[PDB]
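Reproduced below: protein-v9.pdb, with PDB, C-alpha atoms and all ligand atoms.
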MODEL        1
ATOM      1  CA  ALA A   1     105.699 -54.264  89.842  1.00  0.00           C
ATOM      2  CA  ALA A   2     103.911 -57.630  90.265  1.00  0.00           C
ATOM      3  CA  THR A   3     100.854 -57.557  92.549  1.00  0.00           C
ATOM      4  CA  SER A   4     101.583 -59.140  95.962  1.00  0.00           C
ATOM      5  CA  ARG A   5      97.897 -60.002  96.398  1.00  0.00           C
ATOM      6  CA  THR A   6      96.771 -63.655  96.016  1.00  0.00           C
ATOM      7  CA  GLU A   7      93.150 -62.572  95.434  1.00  0.00           C
ATOM      8  CA  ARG A   8      94.191 -60.611  92.319  1.00  0.00           C
ATOM      9  CA  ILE A   9      95.834 -63.604  90.639  1.00  0.00           C
ATOM     10  CA  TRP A  10      93.598 -65.456  88.170  1.00  0.00           C
ATOM     11  CA  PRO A  11      92.949 -68.938  89.638  1.00  0.00           C
ATOM     12  CA  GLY A  12      94.582 -71.729  87.677  1.00  0.00           C
ATOM     13  CA  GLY A  13      96.180 -69.191  85.279  1.00  0.00           C
ATOM     14  CA  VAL A  14      92.974 -69.108  83.219  1.00  0.00           C
ATOM     15  CA  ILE A  15      91.587 -65.765  82.048  1.00  0.00           C
ATOM     16  CA  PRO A  16      88.117 -65.954  80.413  1.00  0.00           C
ATOM     17  CA  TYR A  17      87.410 -63.226  77.840  1.00  0.00           C
ATOM     18  CA  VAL A  18      84.773 -61.726  75.574  1.00  0.00           C
ATOM     19  CA  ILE A  19      85.619 -59.609  72.514  1.00  0.00           C
ATOM     20  CA  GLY A  20      82.901 -57.083  71.638  1.00  0.00           C
ATOM     21  CA  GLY A  21      80.938 -57.554  68.432  1.00  0.00           C
ATOM     22  CA  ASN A  22      81.920 -54.021  67.280  1.00  0.00           C
ATOM     23  CA  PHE A  23      85.570 -54.772  66.603  1.00  0.00           C
ATOM     24  CA  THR A  24      86.695 -55.465  63.035  1.00  0.00           C
ATOM     25  CA  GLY A  25      88.139 -58.849  61.974  1.00  0.00           C
ATOM     26  CA  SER A  26      91.538 -57.152  61.988  1.00  0.00           C
ATOM     27  CA  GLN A  27      91.185 -55.798  65.542  1.00  0.00           C
ATOM     28  CA  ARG A  28      89.868 -59.155  66.842  1.00  0.00           C
ATOM     29  CA  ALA A  29      92.799 -61.025  65.260  1.00  0.00           C
ATOM     30  CA  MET A  30      95.195 -58.522  66.847  1.00  0.00           C
ATOM     31  CA  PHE A  31      93.664 -59.020  70.348  1.00  0.00           C
ATOM     32  CA  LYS A  32      94.105 -62.774  69.894  1.00  0.00           C
ATOM     33  CA  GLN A  33      97.767 -62.294  68.805  1.00  0.00           C
ATOM     34  CA  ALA A  34      98.438 -60.220  71.941  1.00  0.00           C
ATOM     35  CA  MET A  35      96.786 -62.866  74.144  1.00  0.00           C
ATOM     36  CA  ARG A  36      98.732 -65.594  72.382  1.00  0.00           C
ATOM     37  CA  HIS A  37     102.041 -63.729  72.946  1.00  0.00           C
ATOM     38  CA  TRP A  38     101.508 -63.915  76.717  1.00  0.00           C
ATOM     39  CA  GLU A  39     100.323 -67.565  76.508  1.00  0.00           C
ATOM     40  CA  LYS A  40     103.242 -68.892  74.464  1.00  0.00           C
ATOM     41  CA  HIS A  41     105.784 -67.715  77.056  1.00  0.00           C
ATOM     42  CA  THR A  42     103.970 -68.471  80.323  1.00  0.00           C
ATOM     43  CA  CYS A  43     101.365 -70.739  81.964  1.00  0.00           C
ATOM     44  CA  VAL A  44      98.532 -68.207  81.418  1.00  0.00           C
ATOM     45  CA  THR A  45      95.718 -69.388  79.086  1.00  0.00           C
ATOM     46  CA  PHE A  46      92.958 -67.193  77.681  1.00  0.00           C
ATOM     47  CA  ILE A  47      89.615 -68.954  77.072  1.00  0.00           C
ATOM     48  CA  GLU A  48      86.309 -67.768  75.647  1.00  0.00           C
ATOM     49  CA  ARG A  49      83.916 -67.028  78.499  1.00  0.00           C
ATOM     50  CA  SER A  50      81.152 -69.607  79.033  1.00  0.00           C
ATOM     51  CA  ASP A  51      79.406 -68.963  82.358  1.00  0.00           C
ATOM     52  CA  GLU A  52      82.078 -67.274  84.470  1.00  0.00           C
ATOM     53  CA  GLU A  53      81.053 -64.318  86.594  1.00  0.00           C
ATOM     54  CA  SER A  54      84.507 -62.691  86.331  1.00  0.00           C
ATOM     55  CA  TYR A  55      86.216 -62.232  82.943  1.00  0.00           C
ATOM     56  CA  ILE A  56      87.784 -59.551  80.763  1.00  0.00           C
ATOM     57  CA  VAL A  57      85.889 -57.728  78.038  1.00  0.00           C
ATOM     58  CA  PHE A  58      87.548 -55.850  75.205  1.00  0.00           C
ATOM     59  CA  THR A  59      85.718 -52.601  74.716  1.00  0.00           C
ATOM     60  CA  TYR A  60      86.367 -49.550  72.469  1.00  0.00           C
ATOM     61  CA  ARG A  61      86.028 -47.384  75.604  1.00  0.00           C
ATOM     62  CA  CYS A  62      95.101 -48.309  81.858  1.00  0.00           C
ATOM     63  CA  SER A  63      93.250 -51.543  82.782  1.00  0.00           C
ATOM     64  CA  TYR A  64      92.482 -52.796  86.311  1.00  0.00           C
ATOM     65  CA  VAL A  65      95.429 -54.769  87.691  1.00  0.00           C
ATOM     66  CA  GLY A  66      94.736 -58.469  88.238  1.00  0.00           C
ATOM     67  CA  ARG A  67      91.359 -60.119  88.740  1.00  0.00           C
ATOM     68  CA  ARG A  68      88.794 -57.674  90.258  1.00  0.00           C
ATOM     69  CA  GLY A  69      86.268 -60.438  91.007  1.00  0.00           C
ATOM     70  CA  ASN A  70      82.466 -60.223  91.313  1.00  0.00           C
ATOM     71  CA  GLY A  71      81.967 -59.314  87.643  1.00  0.00           C
ATOM     72  CA  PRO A  72      83.521 -58.315  84.313  1.00  0.00           C
ATOM     73  CA  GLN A  73      86.375 -55.908  83.880  1.00  0.00           C
ATOM     74  CA  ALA A  74      87.311 -53.881  80.830  1.00  0.00           C
ATOM     75  CA  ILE A  75      90.399 -54.000  78.858  1.00  0.00           C
ATOM     76  CA  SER A  76      89.488 -50.658  77.257  1.00  0.00           C
ATOM     77  CA  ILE A  77      91.190 -50.117  73.922  1.00  0.00           C
ATOM     78  CA  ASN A  78      95.011 -44.390  68.213  1.00  0.00           C
ATOM     79  CA  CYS A  79      95.935 -47.034  70.860  1.00  0.00           C
ATOM     80  CA  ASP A  80      94.929 -49.811  68.537  1.00  0.00           C
ATOM     81  CA  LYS A  81      98.281 -51.676  68.268  1.00  0.00           C
ATOM     82  CA  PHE A  82      99.655 -55.051  69.337  1.00  0.00           C
ATOM     83  CA  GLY A  83     102.194 -53.790  71.888  1.00  0.00           C
ATOM     84  CA  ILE A  84      99.619 -51.521  73.575  1.00  0.00           C
ATOM     85  CA  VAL A  85      97.296 -54.484  74.002  1.00  0.00           C
ATOM     86  CA  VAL A  86     100.169 -56.667  75.336  1.00  0.00           C
ATOM     87  CA  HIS A  87     100.785 -53.887  77.941  1.00  0.00           C
ATOM     88  CA  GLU A  88      97.077 -53.766  78.937  1.00  0.00           C
ATOM     89  CA  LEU A  89      97.100 -57.604  79.222  1.00  0.00           C
ATOM     90  CA  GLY A  90     100.058 -57.226  81.588  1.00  0.00           C
ATOM     91  CA  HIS A  91      97.759 -55.216  83.833  1.00  0.00           C
ATOM     92  CA  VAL A  92      95.072 -57.919  83.581  1.00  0.00           C
ATOM     93  CA  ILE A  93      97.584 -60.654  84.563  1.00  0.00           C
ATOM     94  CA  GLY A  94      98.669 -58.674  87.686  1.00  0.00           C
ATOM     95  CA  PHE A  95     101.400 -56.110  86.859  1.00  0.00           C
ATOM     96  CA  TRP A  96     101.453 -52.458  87.803  1.00  0.00           C
ATOM     97  CA  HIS A  97     103.787 -50.010  85.935  1.00  0.00           C
ATOM     98  CA  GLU A  98     107.452 -50.904  86.346  1.00  0.00           C
ATOM     99  CA  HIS A  99     108.535 -47.387  87.420  1.00  0.00           C
ATOM    100  CA  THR A 100     106.186 -47.622  90.441  1.00  0.00           C
ATOM    101  CA  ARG A 101     108.135 -50.525  91.999  1.00  0.00           C
ATOM    102  CA  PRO A 102     108.880 -49.817  95.639  1.00  0.00           C
ATOM    103  CA  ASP A 103     112.651 -50.039  94.854  1.00  0.00           C
ATOM    104  CA  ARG A 104     112.436 -47.816  91.722  1.00  0.00           C
ATOM    105  CA  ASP A 105     114.572 -44.952  93.145  1.00  0.00           C
ATOM    106  CA  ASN A 106     117.641 -47.196  92.771  1.00  0.00           C
ATOM    107  CA  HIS A 107     116.982 -47.276  89.005  1.00  0.00           C
ATOM    108  CA  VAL A 108     115.232 -44.123  87.792  1.00  0.00           C
ATOM    109  CA  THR A 109     114.793 -40.478  88.771  1.00  0.00           C
ATOM    110  CA  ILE A 110     111.319 -38.936  88.446  1.00  0.00           C
ATOM    111  CA  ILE A 111     111.555 -35.309  87.244  1.00  0.00           C
ATOM    112  CA  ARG A 112     108.402 -34.067  88.929  1.00  0.00           C
ATOM    113  CA  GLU A 113     108.592 -30.493  87.561  1.00  0.00           C
ATOM    114  CA  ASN A 114     108.224 -31.830  84.030  1.00  0.00           C
ATOM    115  CA  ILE A 115     104.975 -33.750  84.692  1.00  0.00           C
ATOM    116  CA  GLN A 116     101.712 -32.292  83.376  1.00  0.00           C
ATOM    117  CA  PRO A 117      99.959 -30.845  86.472  1.00  0.00           C
ATOM    118  CA  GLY A 118      97.379 -33.298  87.820  1.00  0.00           C
ATOM    119  CA  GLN A 119      99.255 -36.322  86.361  1.00  0.00           C
ATOM    120  CA  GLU A 120     101.869 -36.681  89.137  1.00  0.00           C
ATOM    121  CA  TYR A 121      99.924 -39.500  90.768  1.00  0.00           C
ATOM    122  CA  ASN A 122     100.947 -41.772  87.829  1.00  0.00           C
ATOM    123  CA  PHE A 123     104.530 -41.554  89.145  1.00  0.00           C
ATOM    124  CA  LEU A 124     103.974 -42.459  92.796  1.00  0.00           C
ATOM    125  CA  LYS A 125     105.576 -45.616  94.183  1.00  0.00           C
ATOM    126  CA  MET A 126     103.287 -48.519  95.023  1.00  0.00           C
ATOM    127  CA  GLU A 127     103.155 -49.165  98.785  1.00  0.00           C
ATOM    128  CA  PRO A 128     105.566 -51.987  99.708  1.00  0.00           C
ATOM    129  CA  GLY A 129     102.683 -54.181 100.875  1.00  0.00           C
ATOM    130  CA  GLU A 130     101.144 -54.070  97.358  1.00  0.00           C
ATOM    131  CA  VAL A 131     104.050 -55.265  95.202  1.00  0.00           C
ATOM    132  CA  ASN A 132     106.146 -58.426  95.465  1.00  0.00           C
ATOM    133  CA  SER A 133     108.882 -58.348  92.805  1.00  0.00           C
ATOM    134  CA  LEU A 134     109.588 -62.055  93.424  1.00  0.00           C
ATOM    135  CA  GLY A 135     113.322 -61.425  93.569  1.00  0.00           C
ATOM    136  CA  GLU A 136     113.380 -60.063  89.983  1.00  0.00           C
ATOM    137  CA  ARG A 137     115.646 -57.091  89.141  1.00  0.00           C
ATOM    138  CA  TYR A 138     114.109 -53.799  87.966  1.00  0.00           C
ATOM    139  CA  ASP A 139     113.397 -54.247  84.242  1.00  0.00           C
ATOM    140  CA  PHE A 140     114.041 -51.212  82.002  1.00  0.00           C
ATOM    141  CA  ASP A 141     112.929 -53.280  78.978  1.00  0.00           C
ATOM    142  CA  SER A 142     109.530 -54.208  80.497  1.00  0.00           C
ATOM    143  CA  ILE A 143     106.439 -53.799  78.359  1.00  0.00           C
ATOM    144  CA  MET A 144     105.055 -52.203  81.567  1.00  0.00           C
ATOM    145  CA  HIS A 145     107.666 -49.398  81.724  1.00  0.00           C
ATOM    146  CA  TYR A 146     106.684 -45.797  80.826  1.00  0.00           C
ATOM    147  CA  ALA A 147     108.652 -43.956  78.150  1.00  0.00           C
ATOM    148  CA  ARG A 148     111.046 -41.132  79.145  1.00  0.00           C
ATOM    149  CA  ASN A 149     108.396 -38.473  78.369  1.00  0.00           C
ATOM    150  CA  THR A 150     105.106 -40.043  79.358  1.00  0.00           C
ATOM    151  CA  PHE A 151     102.789 -37.318  80.745  1.00  0.00           C
ATOM    152  CA  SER A 152     105.466 -34.693  79.938  1.00  0.00           C
ATOM    153  CA  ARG A 153     104.465 -31.042  79.860  1.00  0.00           C
ATOM    154  CA  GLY A 154     106.552 -30.350  76.774  1.00  0.00           C
ATOM    155  CA  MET A 155     108.806 -31.227  73.872  1.00  0.00           C
ATOM    156  CA  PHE A 156     112.147 -32.707  74.938  1.00  0.00           C
ATOM    157  CA  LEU A 157     111.222 -32.574  78.699  1.00  0.00           C
ATOM    158  CA  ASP A 158     111.653 -35.994  80.357  1.00  0.00           C
ATOM    159  CA  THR A 159     109.544 -37.181  83.258  1.00  0.00           C
ATOM    160  CA  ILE A 160     111.697 -40.303  83.863  1.00  0.00           C
ATOM    161  CA  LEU A 161     115.493 -40.413  83.740  1.00  0.00           C
ATOM    162  CA  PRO A 162     116.947 -43.949  83.955  1.00  0.00           C
ATOM    163  CA  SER A 163     120.178 -44.401  85.972  1.00  0.00           C
ATOM    164  CA  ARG A 164     123.396 -45.076  84.034  1.00  0.00           C
ATOM    165  CA  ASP A 165     124.801 -48.584  84.134  1.00  0.00           C
ATOM    166  CA  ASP A 166     128.536 -49.209  84.875  1.00  0.00           C
ATOM    167  CA  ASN A 167     129.243 -48.668  81.138  1.00  0.00           C
ATOM    168  CA  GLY A 168     127.692 -45.244  81.460  1.00  0.00           C
ATOM    169  CA  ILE A 169     124.683 -46.093  79.325  1.00  0.00           C
ATOM    170  CA  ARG A 170     121.163 -45.021  80.364  1.00  0.00           C
ATOM    171  CA  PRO A 171     118.925 -47.866  79.296  1.00  0.00           C
ATOM    172  CA  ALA A 172     116.136 -47.207  76.751  1.00  0.00           C
ATOM    173  CA  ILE A 173     112.630 -47.307  78.268  1.00  0.00           C
ATOM    174  CA  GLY A 174     109.060 -47.509  76.984  1.00  0.00           C
ATOM    175  CA  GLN A 175     109.245 -50.151  74.230  1.00  0.00           C
ATOM    176  CA  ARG A 176     105.866 -51.478  73.069  1.00  0.00           C
ATOM    177  CA  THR A 177     107.084 -54.231  70.639  1.00  0.00           C
ATOM    178  CA  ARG A 178     107.262 -57.454  72.690  1.00  0.00           C
ATOM    179  CA  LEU A 179     107.464 -58.972  76.176  1.00  0.00           C
ATOM    180  CA  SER A 180     110.922 -58.601  77.717  1.00  0.00           C
ATOM    181  CA  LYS A 181     112.851 -61.586  79.088  1.00  0.00           C
ATOM    182  CA  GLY A 182     112.173 -60.084  82.535  1.00  0.00           C
ATOM    183  CA  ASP A 183     108.381 -59.769  81.986  1.00  0.00           C
ATOM    184  CA  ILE A 184     108.284 -63.510  81.030  1.00  0.00           C
ATOM    185  CA  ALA A 185     110.477 -64.704  83.876  1.00  0.00           C
ATOM    186  CA  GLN A 186     108.495 -62.646  86.408  1.00  0.00           C
ATOM    187  CA  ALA A 187     105.052 -63.734  85.133  1.00  0.00           C
ATOM    188  CA  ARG A 188     106.218 -67.404  85.362  1.00  0.00           C
ATOM    189  CA  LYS A 189     107.088 -66.866  89.044  1.00  0.00           C
ATOM    190  CA  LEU A 190     103.810 -65.024  89.726  1.00  0.00           C
ATOM    191  CA  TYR A 191     101.676 -67.868  88.331  1.00  0.00           C
ATOM    192  CA  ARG A 192     103.936 -70.615  89.793  1.00  0.00           C
ATOM    193  CA  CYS A 193     104.423 -72.048  86.265  1.00  0.00           C
ATOM    194  CA  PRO A 194     106.079 -75.457  85.845  1.00  0.00           C
ATOM    195  CA  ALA A 195     109.793 -75.270  84.850  1.00  0.00           C
TER     196      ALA A 195
HETATM  197 ZN    ZN B   1      99.524 -49.137  81.843  1.00  0.00          ZN
HETATM  198 ZN    ZN B   2     109.057 -56.267  86.213  1.00  0.00          ZN
ENDMDL
END

This entry written out as structure tokens:
Amino acid sequence: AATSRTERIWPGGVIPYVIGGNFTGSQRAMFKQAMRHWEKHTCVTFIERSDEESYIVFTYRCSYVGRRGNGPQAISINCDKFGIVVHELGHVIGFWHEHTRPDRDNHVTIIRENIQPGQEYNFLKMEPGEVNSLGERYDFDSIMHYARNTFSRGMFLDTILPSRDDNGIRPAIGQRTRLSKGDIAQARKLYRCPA
């Protein structure tokens, strides 16, 4: 679910940041590891803010998707773990949730009756004008994919049911351990990274 909007892409692949003075040494080091994980695999670079008007700020307060412009934007951190921060950074860079891709019905079923009332909006498709997948296949392993029971109203009730592949296996969804091969390949296309 890559943003289609040029204005939301960070110019030059550079994302200035500030980390709040309230975070511990451990939390700061973790934010830097999550930033570095995106950098190592793409042409995005995170730099300490100097004078930029628009930048991300880590605050103990999901993130805005892409560059809002005209000012700072929060990356608002029990959600205090590396993979959660890599997911939020995916929002910063320009990705919506994978299951909201305009083509998602070919890949998952949303079980609306199992969603906590008032949370159904989290499962709507993005309008086709707002996402350009860049030719990339739907990615069940994306760091941006919800788990099977996100916003579920109860124990064992799924809100997302992935389609079986030709081997009859429903792919696992919702990992928060590392960028998938598809997240990397798609971010490289989005930022027009050199080969
Ligand atoms: Zn999110
Ligand atoms: Zn994707």

Write out as a Markdown table a residue-level contact list of chain A versus ligand ZN 1 (chain B) with cut-off 7 Å: for each qualifying residue the closest pair of atoms and the distance in Å to one decimal, counting all atoms listed in the file, rows sorted by chain and residue number upward.
| residue | atom | partner | partner_atom | distance |
| --- | --- | --- | --- | --- |
| A:62 | CA | B:ZN1 | ZN | 4.5 |
| A:63 | CA | B:ZN1 | ZN | 6.8 |
| A:87 | CA | B:ZN1 | ZN | 6.3 |
| A:88 | CA | B:ZN1 | ZN | 6.0 |
| A:91 | CA | B:ZN1 | ZN | 6.6 |
| A:97 | CA | B:ZN1 | ZN | 6.0 |
| A:144 | CA | B:ZN1 | ZN | 6.3 |

request  = Tell me, in Å to one decimal, how far atom CA of residue A:111 is from atom CA of residue A:148.
outcome  =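 It comes out at 10.0 Å.
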
Can you build me a table of chain A residues sitting at most 10 Å from ligand ZN 2 (chain B), with the closest atom pair per residue and its distance in Å to one decimal, using all atoms listed in the file, sorted by chain and residue number, as JSON lines?
{"residue": "A:1", "atom": "CA", "partner": "B:ZN2", "partner_atom": "ZN", "distance": 5.3}
{"residue": "A:2", "atom": "CA", "partner": "B:ZN2", "partner_atom": "ZN", "distance": 6.7}
{"residue": "A:95", "atom": "CA", "partner": "B:ZN2", "partner_atom": "ZN", "distance": 7.7}
{"residue": "A:96", "atom": "CA", "partner": "B:ZN2", "partner_atom": "ZN", "distance": 8.7}
{"residue": "A:97", "atom": "CA", "partner": "B:ZN2", "partner_atom": "ZN", "distance": 8.2}
{"residue": "A:98", "atom": "CA", "partner": "B:ZN2", "partner_atom": "ZN", "distance": 5.6}
{"residue": "A:99", "atom": "CA", "partner": "B:ZN2", "partner_atom": "ZN", "distance": 9.0}
{"residue": "A:101", "atom": "CA", "partner": "B:ZN2", "partner_atom": "ZN", "distance": 8.2}
{"residue": "A:132", "atom": "CA", "partner": "B:ZN2", "partner_atom": "ZN", "distance": 9.9}
{"residue": "A:133", "atom": "CA", "partner": "B:ZN2", "partner_atom": "ZN", "distance": 6.9}
{"residue": "A:134", "atom": "CA", "partner": "B:ZN2", "partner_atom": "ZN", "distance": 9.3}
{"residue": "A:135", "atom": "CA", "partner": "B:ZN2", "partner_atom": "ZN", "distance": 9.9}
{"residue": "A:136", "atom": "CA", "partner": "B:ZN2", "partner_atom": "ZN", "distance": 6.9}
{"residue": "A:137", "atom": "CA", "partner": "B:ZN2", "partner_atom": "ZN", "distance": 7.3}
{"residue": "A:138", "atom": "CA", "partner": "B:ZN2", "partner_atom": "ZN", "distance": 5.9}
{"residue": "A:139", "atom": "CA", "partner": "B:ZN2", "partner_atom": "ZN", "distance": 5.2}
{"residue": "A:140", "atom": "CA", "partner": "B:ZN2", "partner_atom": "ZN", "distance": 8.3}
{"residue": "A:141", "atom": "CA", "partner": "B:ZN2", "partner_atom": "ZN", "distance": 8.7}
{"residue": "A:142", "atom": "CA", "partner": "B:ZN2", "partner_atom": "ZN", "distance": 6.1}
{"residue": "A:143", "atom": "CA", "partner": "B:ZN2", "partner_atom": "ZN", "distance": 8.6}
{"residue": "A:144", "atom": "CA", "partner": "B:ZN2", "partner_atom": "ZN", "distance": 7.4}
{"residue": "A:145", "atom": "CA", "partner": "B:ZN2", "partner_atom": "ZN", "distance": 8.3}
{"residue": "A:180", "atom": "CA", "partner": "B:ZN2", "partner_atom": "ZN", "distance": 9.0}
{"residue": "A:181", "atom": "CA", "partner": "B:ZN2", "partner_atom": "ZN", "distance": 9.7}
{"residue": "A:182", "atom": "CA", "partner": "B:ZN2", "partner_atom": "ZN", "distance": 6.1}
{"residue": "A:183", "atom": "CA", "partner": "B:ZN2", "partner_atom": "ZN", "distance": 5.5}
{"residue": "A:184", "atom": "CA", "partner": "B:ZN2", "partner_atom": "ZN", "distance": 8.9}
{"residue": "A:185", "atom": "CA", "partner": "B:ZN2", "partner_atom": "ZN", "distance": 8.9}
{"residue": "A:186", "atom": "CA", "partner": "B:ZN2", "partner_atom": "ZN", "distance": 6.4}
{"residue": "A:187", "atom": "CA", "partner": "B:ZN2", "partner_atom": "ZN", "distance": 8.5}

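Nearest residue to residue A:90, choosing from A:192, A:176, A:5, A:28 and counting all atoms listed in the file: A:176.
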
query = Of the residues A:47, A:104, A:151, A:171, which is the one nearest to residue A:122, using all atoms listed in the file?
reply = A:151

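The interatomic distance for the pair atom CA of residue A:59 and atom CA of residue A:173 works out to 27.7 Å.
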
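Proximity of A:85, A:147, A:57, A:117 to residue A:36, computed with only C-alpha atoms, is greatest for A:85.
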
Protein/DNA/RNA residues near (83.7, -69.7, 76.8), cut 9 Å, all atoms listed in the file, as JSON, numbers by chain = {"A": [16, 17, 18, 47, 48, 49, 50, 51, 52]}

inquiry  = One decimal, in Å: what's the spacing between atom CA of residue A:84 and atom CA of residue A:23?
reply    =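 Value for the atom CA of residue A:84-atom CA of residue A:23 distance: 16.0 Å.
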
request  = Tell me which residues the PyMOL selection byres (((chain A and resi 39) around 12) and not hetatm) grabs here, as a PyMOL selection string.
outcome  = chain A and resi 13-15+32-38+40-47+86+89-90+93+179+184+187-188+191+193

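Closest approach to residue A:72 from the set A:24, A:119, A:54, A:3 is made by A:54, with distances taken over all atoms listed in the file.
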
task = Rank nothing, just name the residue among A:127, A:53, A:113, A:7 nearest to residue A:158, using all atoms listed in the file.
result =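 Among the listed residues, A:113 lies closest to residue A:158.
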
Using the file's own x, y and z axes, what box holds all listed atoms of stretch 128-143 of chain A with 8 Å on each side, keeping edges along x, y and z, and what are its centre and edge lengths in Å to one decimal, as JSON?
{"center_x": 108.4, "center_y": -56.6, "center_z": 89.6, "size_x": 30.5, "size_y": 26.8, "size_z": 38.5}

query = From the set A:115, A:9, A:92, A:110, which residue has the shortest atom-to-atom contact distance to residue A:152, counting only C-alpha atoms?
reply =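 Ranked by minimum distance to residue A:152, first place goes to A:115.
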
Can you turn the PyMOL selection byres (((chain A and resi 67) around 7) and not hetatm) into a concrete residue list for this file, as a compact mmCIF listing (two decimals) with C-alpha atoms, in the frame of the given file?
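The resulting result21.txt:
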# COMPACT_ATOMS: atom_id res chain seq x y z
CA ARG A 8 94.19 -60.61 92.32
CA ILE A 9 95.83 -63.60 90.64
CA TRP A 10 93.60 -65.46 88.17
CA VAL A 65 95.43 -54.77 87.69
CA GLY A 66 94.74 -58.47 88.24
CA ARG A 68 88.79 -57.67 90.26
CA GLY A 69 86.27 -60.44 91.01
CA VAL A 92 95.07 -57.92 83.58

query = Hey, can you pull every residue with an atom no more than 9 Å from (106.6, -53.9, 67.9), using all atoms listed in the file, and send it as a list in words?
reply =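 Here the neighbourhood of the point contains residues 81, 82, 83, 175, 176, 177 and 178 of chain A.
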
Dump C-alpha atoms for the selected residues as a compact mmCIF listing (two decimals), in the frame of the given file?
# COMPACT_ATOMS: atom_id res chain seq x y z
CA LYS A 81 98.28 -51.68 68.27
CA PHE A 82 99.66 -55.05 69.34
CA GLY A 83 102.19 -53.79 71.89
CA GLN A 175 109.24 -50.15 74.23
CA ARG A 176 105.87 -51.48 73.07
CA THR A 177 107.08 -54.23 70.64
CA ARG A 178 107.26 -57.45 72.69

Selection result of the PyMOL selection byres (((chain A and resi 74) around 6) and not hetatm) on this file, as a compact mmCIF listing (two decimals) with C-alpha atoms, in the frame of the given file:
# COMPACT_ATOMS: atom_id res chain seq x y z
CA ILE A 56 87.78 -59.55 80.76
CA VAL A 57 85.89 -57.73 78.04
CA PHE A 58 87.55 -55.85 75.20
CA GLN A 73 86.38 -55.91 83.88
CA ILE A 75 90.40 -54.00 78.86
CA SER A 76 89.49 -50.66 77.26
